[PDB]
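> pasting an experimental structure, sequence included:
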Amino acid sequence: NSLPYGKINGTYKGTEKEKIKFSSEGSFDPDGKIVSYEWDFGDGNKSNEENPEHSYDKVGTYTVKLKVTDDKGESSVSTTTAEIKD
């Protein structure tokens, strides 16, 4: 019955066109298992890797979302930012 806890380990920073390593380490479900991790990098791109690398084409500050869903189909969403400069 218990919702999963996502941990998105923000904030993130890097430079345009250089890969940034994201981590969902510490995410957990008290009464089950997390069966999916869904990242949205805020630049229209997504991943279902636990700990993806992603580069941003353009500078800016992007909203990063991590949606975790458990084995009973229940989800929760964590957010942070990725600040991309020169």
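Nice, thanks for sending it over. Residues are numbered from 1 along each chain as shown.

> what kind of secondary structure is the most centrally placed residue in the chain in?
What sits nearest the mean C-alpha location of the chain, by CA atoms, centre = their mean, is residue 66, with 3.5 Å. Here residue 66 is strand, with the state taken from DSSP: H, G, I helix; E, B strand; the rest coil.

> quick check: it touching residue 77?
Yes: under the criterion of CB atoms under 8 Å, residue 66 makes contact with residue 77 at 7.0 Å. (C-beta placed from N, C-alpha, C; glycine too.)

> now the common contact residues for the two.
Counting by CB atoms under 8 Å, 6 or more residues apart in numbering, the shared contacts of residue 66 and residue 77 are residue 6.

> quick one: the strands in this structure?
Counting by DSSP state E, the chain has strands at residues 12-15, 20-21, 34-40, 46-47, 53-54, 60-70, 75-85.

> so how far is residue 37 from the residue nearest to residue 75 when sequence neighbours are not counted?
Nearest residue to residue 75, sequence neighbours excluded (CB to CB, 6 or more residues apart in numbering): residue 69, at 4.2 Å. Distance, residue 69 to residue 37, using CB to CB, to the nearest Å: 8 Å.

> returning to that earlier point: over to the residue nearest to the residue nearest to the centre of the chain when sequence neighbours are not counted: give its phi and psi.
Closest residue in space to residue 66, ignoring its immediate chain neighbours: residue 8 at 4.4 Å, by CB to CB, 6+ apart. Phi and psi for residue 8, reported as degrees, to the nearest 10, are phi -100, psi -10.
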